[PDB]
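Take a look at the structure tokens below, where one protein chain is shown in two forms, each on its own, as structure 1 and structure 2.
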Structure 1
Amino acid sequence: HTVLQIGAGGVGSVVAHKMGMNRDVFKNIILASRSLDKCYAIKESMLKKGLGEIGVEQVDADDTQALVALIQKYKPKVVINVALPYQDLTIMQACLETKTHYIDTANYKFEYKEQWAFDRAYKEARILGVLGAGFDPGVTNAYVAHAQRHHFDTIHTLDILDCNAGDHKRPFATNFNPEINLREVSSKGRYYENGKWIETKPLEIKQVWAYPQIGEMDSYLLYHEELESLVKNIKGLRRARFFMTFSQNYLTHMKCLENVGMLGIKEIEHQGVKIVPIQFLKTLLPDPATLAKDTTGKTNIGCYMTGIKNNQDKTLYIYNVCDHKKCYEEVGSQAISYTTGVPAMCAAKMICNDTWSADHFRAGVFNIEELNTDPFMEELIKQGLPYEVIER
């Protein structure tokens, strides 16, 4: 089979690389992006690693008509959106117009409104739209769905816990555009409890949590995309929360940068030239491609649920641990891009071998917890993202 991937960033290189590891399913792989240089670089690494050749194209993902012509040129079975989060709606519309299947990952106050509003159109066109096929959201959605059907009768509470304990060996550096980092630590927290959404102050709710294979880490309450999906799609939920770890090193740096004005979004005039501080910060901080080679450590993402099984109390903790350096030696990217990009390729496999389909019974726009997670989880294990359970 043949698939079209739009995006050649850190997460996009994992999808292309891992796709090249499964050449029994993905016969022809085509990559398109605004930056042609990044595409050929991904082509080279895969060629250097003996995974075959990839097709390379340039495309403006803000232009639906250019995307439609691109899709019609290669006639792919599914299009993977690993590009910018503002181009998700023009890529979704192109998939609709061209009657091709759609997957997105890494979409970064977010709402599912406009992506979900394509359901009726996607249904009437007999195609599938899988939203958030990353890790959080994505595999975490599968973890909750996998526990609804194999480990619980009723789920009362859910806590999603994201921990990155990697060391890039630099004093300070980000793996994403600094605006991501700014968003994480400056936005109000939001969680769901007893039919209401509760908003908090930025990093107002702290807690220490024991992450398997890592240790105890300071975990702060944040809002995440997946909460919206899960709260709406899992009935009977009494509490839903998302937690991410932040070290005191990192938090102090961010508060100092905020105090000098280096986290600014509005531009300011310097030497007759308008500059955006956070954008200057991106130029200063090391290029994330060079951080991958040196980064060491582990990540832990998973869900901790309390529910009821056979009218007896149960608590479940499904989680995955990923080793930054192990990812770099396998594909050449770090664990944040690996945990986000491997599910995307697994979702693509599930559509190309017809496990996940829009044919017959149902079609439309779905989150991963609405689909058959059994073959997805088995595929995640085979491709390098095995999970661990802690049941009590």
Structure 2
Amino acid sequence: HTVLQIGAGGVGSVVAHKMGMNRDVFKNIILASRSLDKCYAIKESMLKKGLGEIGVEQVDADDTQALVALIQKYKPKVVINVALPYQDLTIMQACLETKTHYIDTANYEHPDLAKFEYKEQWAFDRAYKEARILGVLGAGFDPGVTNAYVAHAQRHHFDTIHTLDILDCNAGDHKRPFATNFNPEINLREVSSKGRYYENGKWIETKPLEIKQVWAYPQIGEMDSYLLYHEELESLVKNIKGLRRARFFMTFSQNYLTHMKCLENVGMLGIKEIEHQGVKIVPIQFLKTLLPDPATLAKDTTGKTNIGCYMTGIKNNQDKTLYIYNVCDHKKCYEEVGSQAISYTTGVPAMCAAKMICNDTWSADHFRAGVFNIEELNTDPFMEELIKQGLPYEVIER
């Protein structure tokens, strides 16, 4: 099978690498990005790791014509969007125009606004069912695997899921004074926004990082976990019936939160451009220029991550709570694919969803066709693939 991937990110290095480790399903992996230096480093690395060999071909994913051009040049079974969420619509359109299969790991987001919303991508459901294709939205860890965990609970453990708390802890040490999980422009747009959660029909808003619980993360410890809006809550509230409260929490250190409140104070997190010696510059972009980009840090990053879902509900007129979670070692990820645990936990699920599609395990024939979030699909084989590809989960009743 043949598949084209857009993005040579920290995440991008993982998805490609993971495809090369499953050469039995991925014979033709073509890798496409704005800057080719990244793509050759991935290419050259995989060959050093023993993982076969990939096509590098530059393209500016913002221009739909050049994608259409690249898609039909290799006519692939699926295209993986692991570039920035801006390119979601431009790549998703070039998939429709070439009747090809699309998966991303992130919502749509416009550079001139810090809004998260599926409805721009969801609009393609008529157009996609029609062109008899599939677009699987948000197939990272969160969103994606967390949806799968909730999906998986809904089938196997719960009659009705009353509450959902997604909990994301990154207890890694990148050994630098201040650095980010992934691309700083998108990460820091996300976390500094007014957090948001669903309870009893209406959505509630909070000032950024207003709410905070302490949570005990298996294999780590007790950590301050702050409340955030996250993409998956949009799809999951719509798709999981019964839901009374749905929240997302993330751990941040004091040191991280301080740097972030300082940079915010001087204007370094600004999305609107500002003139400096003639030139018009966006601060938060310049922050990304200045900061080490994260791939660099996997070499010396140590720690583990824990991400998962804490659900309360009812099964056979009796109460039960479930915790599904995945722990992941930064050093172990480095030594497998040269990346750290955030690149890792995101790329592997996307490579899995690719495998689902190529295997027709997830199919537009033998289901409705069109645009779907992960919790809508058959998750059973997806979860089994996650185990096989390095994201084993725990499952815990109380």
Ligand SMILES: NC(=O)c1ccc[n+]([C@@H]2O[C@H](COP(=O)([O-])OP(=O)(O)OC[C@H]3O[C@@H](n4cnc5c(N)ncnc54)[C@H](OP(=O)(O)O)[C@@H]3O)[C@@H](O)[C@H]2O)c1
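Here, a residue number simply tells you its place in the sequence of structure 1, counted from 1. Think of the rigid core as the biggest set of C-alphas that the two forms share within 1.5 Å after superposition.
Undergrad: Would you check which of the pair is the form deposited without this ligand?
TA: Structure 1 is the matching one, since it is the form deposited without this ligand.
Undergrad: In a superposition on the rigid core, which residue from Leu221, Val231, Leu281, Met217 has a CA displacement reaching 2 Å or more between structure 1 and structure 2?
TA: The displaced C-alpha is that of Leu281.
Undergrad: After a rigid core superposition, would you say the CA of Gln87 moves by 2 angstroms or more between structure 1 and structure 2, or not?
TA: The answer is no; the displacement is under 2 Å.
Undergrad: Using a rigid core alignment, state whether the CA of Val321 is displaced by 2 Å or more between structure 1 and structure 2.
TA: The answer is no, as the C-alpha of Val321 shifts between structure 1 and structure 2 by less than 2 Å after core alignment.
Undergrad: Does superposing the core leave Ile265 with a CA shift of 2 Å or more between structure 1 and structure 2?
TA: Yes, the C-alpha position differs by at least 2 Å between structure 1 and structure 2.
Undergrad: Core superposed first, then measure: what is the displacement of the CA of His146 between structure 1 and structure 2, in Å?
TA: C-alpha shift for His146: 0.1 Å.
Undergrad: Following alignment on the rigid core, what Cα displacement (Å) is computed for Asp359 between structure 1 and structure 2?
TA: Here the C-alpha difference is 2.0 Å.
Undergrad: Quote the shift of the Cα of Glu184 between structure 1 and structure 2 to one decimal place in Å, the two forms being superposed on the rigid core.
TA: With the cores aligned, its C-alpha sits 4.1 Å away.
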